[PDB]
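**Student:**
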Amino acid sequence: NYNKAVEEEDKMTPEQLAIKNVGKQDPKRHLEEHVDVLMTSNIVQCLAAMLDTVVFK
Amino acid sequence: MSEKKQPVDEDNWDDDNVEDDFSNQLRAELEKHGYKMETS
Amino acid sequence: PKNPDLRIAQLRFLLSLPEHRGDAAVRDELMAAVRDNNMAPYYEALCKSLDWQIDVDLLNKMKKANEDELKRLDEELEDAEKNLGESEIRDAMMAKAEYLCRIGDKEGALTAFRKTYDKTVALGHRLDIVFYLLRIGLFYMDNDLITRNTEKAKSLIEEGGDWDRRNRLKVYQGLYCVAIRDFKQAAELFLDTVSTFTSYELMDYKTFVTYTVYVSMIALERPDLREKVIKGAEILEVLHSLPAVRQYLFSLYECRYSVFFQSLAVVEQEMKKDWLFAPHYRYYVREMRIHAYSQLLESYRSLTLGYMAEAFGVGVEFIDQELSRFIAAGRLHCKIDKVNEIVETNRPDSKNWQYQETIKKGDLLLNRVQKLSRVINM
Amino acid sequence: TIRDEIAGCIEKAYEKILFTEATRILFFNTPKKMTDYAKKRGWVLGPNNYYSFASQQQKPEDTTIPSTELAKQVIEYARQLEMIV
Amino acid sequence: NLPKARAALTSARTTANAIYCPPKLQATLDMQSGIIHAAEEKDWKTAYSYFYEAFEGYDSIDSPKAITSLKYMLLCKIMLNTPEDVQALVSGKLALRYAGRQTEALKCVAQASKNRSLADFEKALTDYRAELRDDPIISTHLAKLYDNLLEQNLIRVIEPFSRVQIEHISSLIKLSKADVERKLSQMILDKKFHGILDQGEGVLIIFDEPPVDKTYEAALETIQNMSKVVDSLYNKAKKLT
Amino acid sequence: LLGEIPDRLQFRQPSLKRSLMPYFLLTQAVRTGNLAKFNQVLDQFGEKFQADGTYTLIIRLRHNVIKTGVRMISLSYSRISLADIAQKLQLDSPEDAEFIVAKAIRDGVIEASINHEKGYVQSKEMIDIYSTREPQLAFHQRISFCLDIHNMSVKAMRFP
Numbered sequence: 008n009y010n011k012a013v014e015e016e017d018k019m020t021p022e023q024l025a026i027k028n029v030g031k032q033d034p035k036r037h038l039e040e041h042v043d044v045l046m047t048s049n050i051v052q053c054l055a056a057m058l059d060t061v062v063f064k
Numbered sequence: 052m053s054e055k056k057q058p059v060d061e062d063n064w065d066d067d068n069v070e071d072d073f074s075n076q077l078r079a080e081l082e083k084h085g086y087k088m089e090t091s
Numbered sequence: 410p411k412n413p414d415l416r417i418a419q420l421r422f423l424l425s426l427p428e429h430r431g432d433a434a435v436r437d438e439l440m441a442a443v444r445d446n447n448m449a450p451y452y453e454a455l456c457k458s459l460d461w462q463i464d465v466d467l468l469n470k471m472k473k474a475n476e477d478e479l480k481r482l483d484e485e486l487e488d489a490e491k492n493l494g495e496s497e498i499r500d501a502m503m504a505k506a507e508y509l510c511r512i513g514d515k516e517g518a519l520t521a522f523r524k525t526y527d528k529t530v531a532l533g534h535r536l537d538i539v540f541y542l543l544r545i546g547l548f549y550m551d552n553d554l555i556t557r558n559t560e561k562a563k564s565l566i567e568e569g570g571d572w573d574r575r576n577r578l579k580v581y582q583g584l585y586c587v588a589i590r591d592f593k594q595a596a597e598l599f600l601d602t603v604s605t606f607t608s609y610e611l612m613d614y615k616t617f618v619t620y621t622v623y624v625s626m627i628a629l630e631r632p633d634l635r636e637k638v639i640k641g642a643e644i645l646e647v648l649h650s651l652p653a654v655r656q657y658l659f660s661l662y663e664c665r666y667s668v669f670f671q672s673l674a675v676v677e678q679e680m681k682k683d684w685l686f687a688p689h690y691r692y693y694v695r696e697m698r699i700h701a702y703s704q705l706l707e708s709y710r711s712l713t714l715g716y717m718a719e720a721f722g723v724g725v726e727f728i729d730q731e732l733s734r735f736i737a738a739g740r741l742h743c744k745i746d747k748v749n750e751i752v753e754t755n756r757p758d759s760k761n762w763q764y765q766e767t768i769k770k771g772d773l774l775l776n777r778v779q780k781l782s783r784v785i786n787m
Numbered sequence: 887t888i889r890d891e892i893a894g895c896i897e898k899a900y901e902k903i904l905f906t907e908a909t910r911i912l913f914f915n916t917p918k919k920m921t922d923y924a925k926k927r928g929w930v931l932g933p934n935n936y937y938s939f940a941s942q943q944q945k946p947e948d949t950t951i952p953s954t955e956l957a958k959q960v961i962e963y964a965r966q967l968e969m970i971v
Numbered sequence: 012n013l014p015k016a017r018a019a020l021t022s023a024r025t026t027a028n029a030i031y032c033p034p035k036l037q038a039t040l041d042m043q044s045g046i047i048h049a050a051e052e053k054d055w056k057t058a059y060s061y062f063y064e065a066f067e068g069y070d071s072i073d074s075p076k077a078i079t080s081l082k083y084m085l086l087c088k089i090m091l092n093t094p095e096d097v098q099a100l101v102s103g104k105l106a107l108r109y110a111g112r113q114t115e116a117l118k119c120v121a122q123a124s125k126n127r128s129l130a131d132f133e134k135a136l137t138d139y140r141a142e143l144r145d146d147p148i149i150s151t152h153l154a155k156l157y158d159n160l161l162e163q164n165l166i167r168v169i170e171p172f173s174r175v176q177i178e179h180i181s182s183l184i185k186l187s188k189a190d191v192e193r194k195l196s197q198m199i200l201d202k203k204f205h206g207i208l209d210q211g212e213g214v215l216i217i218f219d220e221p222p223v224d225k226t227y228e229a230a231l232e233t234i235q236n237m238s239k240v241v242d243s244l245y246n247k248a249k250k251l252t
Numbered sequence: 013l014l015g016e017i018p019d020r021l022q023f024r025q026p027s028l029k030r031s032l033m034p035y036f037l038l039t040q041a042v043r044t045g046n047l048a049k050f051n052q053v054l055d056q057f058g059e060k061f062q063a064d065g066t067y068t069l070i071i072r073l074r075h076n077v078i079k080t081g082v083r084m085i086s087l088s089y090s091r092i093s094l095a096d097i098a099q100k101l102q103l104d105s106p107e108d109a110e111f112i113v114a115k116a117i118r119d120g121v122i123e124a125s126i127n128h129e130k131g132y133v134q135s136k137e138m139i140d141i142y143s144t145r146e147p148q149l150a151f152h153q154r155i156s157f158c159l160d161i162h163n164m165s166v167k168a169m170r171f172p
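Following this line, the structure appears as structure tokens:
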């Protein structure tokens, strides 16, 4: 839900960056912070799932 | 492109991809499927 | 002022596929020639139907009386422009002179459409143009003119509201949605139903009910299929008047497959003998089958085709190649065992194959921005 | 190059093919080639028939080991997630 | 004749407001609106509500006409089984006014609607057969009941344990393959029943398992992402050339 | 030559149309297993193929279509008998059908078991591909494809 349902509210902003074109005040950067959060969110889940391969054997 | 030897040598068109499968198979079909009524 | 000539287009398809009656279609065509002053309607029918003998002076004194009625409207252009008024002078040279398109060919059409187009201050007169472009494109099978005028009709007339002629547009594009292939928007624009009531351009509303009910058995899903007819008030009384259509509607919900092959042929008879349904009936046949076969195979995980012979009455080798040609085309993926008389369900689309739309459509997507990334720079 | 394909092509996998049915392709009458097949194939030499036992053949599971290498696949996969990072 | 009944009803639409005061027309038209529209099977509660409106307008009129008015409205409560208006009408002071013989048999019919209970419904079916004849449509009223009351007793037997043999569970409904199991096969289609049968060994298996959660939340967002790049393709080709 | 192709008019252009008409109905005869229809396409439309120089495949494409025809039937049915698929694919004889199915197993095309008496072919549904196996193993190539483009975007970003 944070990796999908948050995507559409994040990926509407590039369609909001399309004006079109161009009557709306620019620039605006919506890239952060969800992108890097979901990155680290996998970094939490990948190395915690490595506990299967790390702890065991 | 146009270099090398490149230059040297809804719609119904979209449905025609599926429609041609009707041409070589089972016609449409009404009459035959309508004849199958009294067959058995 | 359409249906009398709009039925000549019905006579064209009545002459087109069946060759049986050439006299019955030419009598009411000549009856439509002796009235309404039709010229080209019997000229393009003169090649399809019999070449008489003689029409000529019988219908030439008409086109002369037409010319007398054409010249008096062409005399009305410089007689009314002698005075001055807003839109009133040149409004007489559109509706009746584009009624001369109904007389013959495109001469009345093309020259009277653009000649009156710039003056009109009201959207109702601009749509009468678009109207008469839709009838000539119904008469002659050319699909060009009826696509462009509707695009011009949506911009100007919809600005803006109207009750009457705007509901006709939703019928036109809906009729265009069934003229070309669109299932979902056909019945969606037909949702207006009796709000359009009956008009010269709406022909018989009971026939308009037949047009929307035949698309509503595919595009309108089974939960919504029974909903629109039963919960819908104004649409329910007109379907109960027809015992043939209402039967097949409820029998579809009753799931009995014995009455389908009979009643579906009755619908196909109307689908065969109606214009603009000739290219579109081929996929319509087995699309109502898979619609009945969708709920079929969803019922049991293991089903014997001999039990299907009961309902089908009696499918043995018929559904053997039939259901096999459904799977090969991607319609209703299923496993039916041969000579073992078992059908297997499946296919669990809730997990595996449903994931594939992500990367597959995302391949050409990301590929398009790979190549176009190497373009910047150079 | 065709003769050695009678053993290779026809199976795997068929159940049982009768004596004279295999002789129809091999022609001759009762050659030592089919006798050499009874040695080479092995497979089976049945009376008036040939058998594929047992069974069809070797009954592949295939293996319960690949669960190991599946954990090996996650090793470099989680490493690629750390390369970005 | 439904179209002829509505045509006679349509002519009454402008007839009620034609004269000065009906004196009773629209109220009678409401009962007539509870006939054709009820034949249309529009809404069970609204048509039953027109009988309540007519019953409010039936006060101080001929008693034989009023004593047969409860024949239609209280037996209309039989078809619905969920009017929710049960206690409103019959327990009010206006509906308790009739002590006559014919309405006393109707008072227990209004109680028979509160009963349901196919053990009792099949019993009183013979006792009320006289009132069953006065039913305007005898089949449809009790067909929608018997078809609905079918699964009412079926959801009782199938509920307690997950999987059941199809031969004995359909022995209480007296048969299997012809209609029941085909109607039960329609229950998966109507979503009222989640499960699957077994034709060979005769064991009905119920599984609610296979959810759809993560998947449609993924691919459907990517289909929208196809509109992000295609719409950006206009920006791409425009700035470059 | 892949054996899996749809109708190619979805790639057609009004300018390319007139030129692809002899090459159009070709693939329309590939989707079907009829010999009389396939050989008639080679006779009439073989003139257009002379300029392309594509005649190398026409001898091996007959073996390609018979694989598409049997894949259409094998995917549509659990069991498929050799005698019923004999004339349906018009192999006309039981003996060459044993040769085709044998080479079909050699190419990994079909999983069908065969019970030889007359004989007949009795197959079964192939499963266990499931979920935990193929998608996550394929995703190793998907992400390795995607994470490289992250570098491709950085490299393209470093030039400006």
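Chains as they are written, first to last, in this note's numbering: chain A, 8 to 64; chain B, 52 to 91; chain C, 410 to 787; chain D, 887 to 971; chain E, 12 to 252; chain F, 13 to 172.
Cβ coordinates follow ideal geometry from the N, Cα and C atoms, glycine included.
Using 8 Å as the Cβ pair cut-off and three pairs as the minimum, do the stretch 620 to 635 of chain C and the stretch 694 to 703 of chain C touch?
**Tutor:** Because the criterion of three Cβ pairs below 8 Å is met, the stretch 620 to 635 of chain C and the stretch 694 to 703 of chain C touch.
**Student:** Check this for me: beta carbons of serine 105 of chain F and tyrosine 132 of chain F, under 7 Å apart or not?
**Tutor:** Counting from one through the sixth sequence, the residue named residue 105 of chain F turns up at place 93. Counting from one through the sixth sequence, the residue named residue 132 of chain F turns up at place 120. One thing to note: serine 105 of chain F has its Cβ no nearer than 7 Å to the Cβ of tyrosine 132 of chain F.
**Student:** Determine the closest residue to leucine 415 of chain C out of C:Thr559, C:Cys510 and C:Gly569, with distance taken between C-alpha atoms.
**Tutor:** For the purposes of this step, residue 415 of chain C is taken as the residue at position 6 of the third sequence. The candidate whose alpha carbon is nearest that of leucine 415 of chain C is C:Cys510.
**Student:** Answer with yes or no whether the minimum CB distance from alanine 168 of chain F to chain D is below 7 Å.
**Tutor:** The residue given as residue 168 of chain F occupies position 156 in the sixth sequence. So no, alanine 168 of chain F is outside the interface.
**Student:** Could you compute how far the alpha carbon of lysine 780 of chain C sits from the alpha carbon of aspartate 43 of chain A?
**Tutor:** What you label residue 780 of chain C is simply residue 371 of the third sequence in a count that begins at 1. What you label residue 43 of chain A is simply residue 36 of the first sequence in a count that begins at 1. Using only the alpha carbons, I get a separation of about 26 Å.
**Student:** Does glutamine 98 of chain E come out as helix, strand or coil in the three-state DSSP assignment?
**Tutor:** Here the question's residue 98 of chain E lines up with position 87 in the fifth sequence. Residue state, collapsed to three classes: helix.
**Student:** I want to know whether the stretch 204 to 221 of chain E touches the stretch 710 to 717 of chain C - three or more CB-CB distances under 8 Å.
**Tutor:** yes
**Student:** What number of angstroms, rounded off, separates the C-alpha of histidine 649 of chain C from the C-alpha of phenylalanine 659 of chain C?
**Tutor:** Taking the third sequence and counting its residues from 1, one reaches residue 649 of chain C at position 240. Taking the third sequence and counting its residues from 1, one reaches residue 659 of chain C at position 250. So the two alpha carbons sit approximately 11 Å from each other.
**Student:** Listing by chain order, which chain D residues have their CB less than 7 Å from the CB of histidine 128 of chain F?
**Tutor:** Within the sixth sequence, residue 128 of chain F is the residue found at index 116, counting from 1. Within 7 Å Cβ-Cβ: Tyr900, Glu901, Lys902 and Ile903.
**Student:** For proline 14 of chain E and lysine 470 of chain C, what's the separation of their Cα atoms in angstroms?
**Tutor:** Position 3 of the fifth sequence, counting from 1, holds the residue named residue 14 of chain E. Position 61 of the third sequence, counting from 1, holds the residue named residue 470 of chain C. Near 47 Å, if we compare the C-alpha coordinates of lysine 470 of chain C and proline 14 of chain E.
**Student:** Can you look up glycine 932 of chain D in the DSSP assignment and give me helix, strand or coil?
**Tutor:** Here residue 932 of chain D corresponds to residue number 46 of the fourth sequence, with the count starting at 1. Note: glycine 932 of chain D maps to strand in three-state DSSP.
**Student:** Are the C-beta of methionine 19 of chain A and some C-beta of chain D separated by less than 7 Å?
**Tutor:** As a working mapping, residue 19 of chain A is identified with position 12 in the first sequence. Chain D contact via Cβ: absent.
**Student:** Taking the beta strand (DSSP E) that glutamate 753 of chain C belongs to, which residues open and close that run?
**Tutor:** Here residue 753 of chain C refers to the residue found at position 344 of the third sequence. Taken as a continuous stretch (DSSP letters only), the beta strand (DSSP E) holding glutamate 753 of chain C covers 751 to 753.
**Student:** Leaving out the 5 sequence neighbours to the left and right, which residues in its chain are closer than 6 Å to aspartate 190 of chain E when beta-carbon positions are compared?
**Tutor:** Within the fifth sequence, the letter at position 179 stands for residue 190 of chain E. Taken in chain order, the list of residues that qualify is empty.
**Student:** Checking contacts by CB at 7 Å: is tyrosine 666 of chain C closer than that to chain H?
**Tutor:** Going by chain labels, chain H is absent from the structure shown, which instead holds the protein chains A, B, C, D, E and F.
**Student:** Which full runs of the alpha helix (DSSP H) of 4+ residues lie inside the stretch 626 to 658 of chain C, going along the chain?
**Tutor:** 631 to 640 and 643 to 649
**Student:** Count the other CB atoms, across all protein chains shown, that sit within 10 Å of the CB of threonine 621 of chain C; report buried if there are 16 or more and exposed otherwise.
**Tutor:** For the purposes of this step, residue 621 of chain C is taken as residue 212 along the third sequence, with counting starting at 1. Buried, because 16 or more other Cβ atoms sit within 10 Å of the Cβ of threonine 621 of chain C.
**Student:** With a Cβ-Cβ cutoff of 7 Å, do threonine 525 of chain C and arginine 499 of chain C count as a contact?
**Tutor:** Start at 1 with the first residue of the third sequence, and residue 525 of chain C comes out as number 116. Start at 1 with the first residue of the third sequence, and residue 499 of chain C comes out as number 90. Their beta carbons are under 7 Å apart, which means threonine 525 of chain C touches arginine 499 of chain C by this criterion.
**Student:** Using CA coordinates, which residue listed in E:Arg144, E:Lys194, E:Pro171 and E:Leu186 is at the minimum distance from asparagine 159 of chain E?
**Tutor:** Looking up residue 159 of chain E in the fifth sequence gives position 148. Ranked by Cα distance from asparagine 159 of chain E, the first of E:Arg144, E:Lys194, E:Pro171 and E:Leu186 is E:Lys194.
**Student:** Would you tell me roughly how many angstroms separate the C-alpha atoms of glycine 85 of chain B and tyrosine 666 of chain C, rounded to the nearest one?
**Tutor:** Walking along the second sequence from the start, residue 85 of chain B turns up at place 34. Walking along the third sequence from the start, residue 666 of chain C turns up at place 257. Between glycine 85 of chain B and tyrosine 666 of chain C, the C-alpha separation is close to 15 Å.
**Student:** Taking CB distances under 7 Å as the criterion, tell me whether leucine 648 of chain C reaches chain E.
**Tutor:** The residue you call residue 648 of chain C lines up with position 239 of the third sequence. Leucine 648 of chain C does not count as touching chain E.
**Student:** Does any C-beta atom of chain B lie closer than 7 Å to the C-beta of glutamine 22 of chain F?
**Tutor:** Counting from 1 along the sixth sequence, the entry for residue 22 of chain F is found at position 10. Yes - at least one Cβ of chain B is within 7 Å of the one on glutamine 22 of chain F.
**Student:** DSSP three-state call for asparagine 8 of chain A: helix, strand or coil?
**Tutor:** To locate residue 8 of chain A, count along the first sequence from 1; it is residue 1. Under the three-state reduction of DSSP, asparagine 8 of chain A is assigned to coil, being neither helix nor strand.
**Student:** Is there a Cβ from chain A that is less than 7 Å from the Cβ of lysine 239 of chain E?
**Tutor:** Taking the first residue of the fifth sequence as 1, we reach residue 239 of chain E at position 228. Chain A contact via Cβ: present.
**Student:** If you draw a straight line from the alpha carbon of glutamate 170 of chain E to that of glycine 213 of chain E, how long is it in whole angstroms?
**Tutor:** Position 159 of the fifth sequence, counting from 1, holds the residue named residue 170 of chain E. Position 202 of the fifth sequence, counting from 1, holds the residue named residue 213 of chain E. Cα to Cα, the separation comes out at about 18 Å.
**Student:** So with CB distances below 9 Å, who are the chain C contacts of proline 147 of chain E?
**Tutor:** Position 136 of the fifth sequence, counted from the start, is the residue given in the question as residue 147 of chain E. Ordered by position in chain C, no residue passes the 9 Å Cβ test against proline 147 of chain E, which lies about 17 Å from the chain.
**Student:** Taking the straight line between their C-alpha atoms, what separation do you get for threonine 68 of chain F and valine 240 of chain E?
**Tutor:** Counting from 1 along the sixth sequence, the entry for residue 68 of chain F is found at position 56. Counting from 1 along the fifth sequence, the entry for residue 240 of chain E is found at position 229. Distance between the alpha carbons of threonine 68 of chain F and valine 240 of chain E: 40 Å.
**Student:** Closer than 7 Å between beta carbons: that is the criterion. Which residues of the stretch 950 to 966 of chain D meet it against chain A?
**Tutor:** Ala957, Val960, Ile961 and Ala964
**Student:** Hey, does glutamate 89 of chain B have any beta-carbon neighbour from chain C nearer than 7 Å?
**Tutor:** Taking the first residue of the second sequence as 1, we reach residue 89 of chain B at position 38. Not a single CB atom of chain C sits nearer than 7 Å to the CB of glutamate 89 of chain B.
**Student:** Tell me which residues of the stretch 144 to 164 of chain F have at least one Cβ-Cβ distance to chain D shorter than 9 Å, keeping chain order.
**Tutor:** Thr144, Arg145, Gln148, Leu149, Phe151, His152, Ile155, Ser156, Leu159 and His162
**Student:** Taking 7 Å as the cut-off, decide whether the C-beta atoms of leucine 21 of chain F and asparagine 68 of chain B are in contact.
**Tutor:** The count along the sixth sequence starts at 1 and reaches residue 21 of chain F at position 9. The count along the second sequence starts at 1 and reaches residue 68 of chain B at position 17. The answer is yes: Cβ separation under 7 Å.
**Student:** Measure the C-alpha to C-alpha separation of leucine 103 of chain F and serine 143 of chain F and round it to an integer number of angstroms.
**Tutor:** For the purposes of this step, residue 103 of chain F is taken as the residue at position 91 of the sixth sequence. For the purposes of this step, residue 143 of chain F is taken as the residue at position 131 of the sixth sequence. Taking the straight line from one Cα to the other gives about 37 Å.
**Student:** Buried or exposed, going by whether 16 or more other CB atoms sit within 10 Å of the CB of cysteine 456 of chain C?
**Tutor:** For the purposes of this step, residue 456 of chain C is taken as residue 47 along the third sequence, with counting starting at 1. With fewer than 16 other Cβ atoms from the protein chains shown falling within 10 Å of its own Cβ, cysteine 456 of chain C counts as exposed.
**Student:** For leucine 54 of chain A and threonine 954 of chain D, I'd like the C-alpha separation in whole angstroms.
**Tutor:** The sequence position of residue 54 of chain A within the first sequence is 47, counting from 1. The sequence position of residue 954 of chain D within the fourth sequence is 68, counting from 1. In a straight line, the C-alpha of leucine 54 of chain A is about 18 Å away from that of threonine 954 of chain D.
**Student:** Starting from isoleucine 745 of chain C and walking both ways along the beta strand (DSSP E), at which residues does that stretch end?
**Tutor:** As a first step, residue 745 of chain C must be located in the third sequence, where it is residue number 336. Segment 744 to 746, the beta strand (DSSP E) holding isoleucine 745 of chain C.
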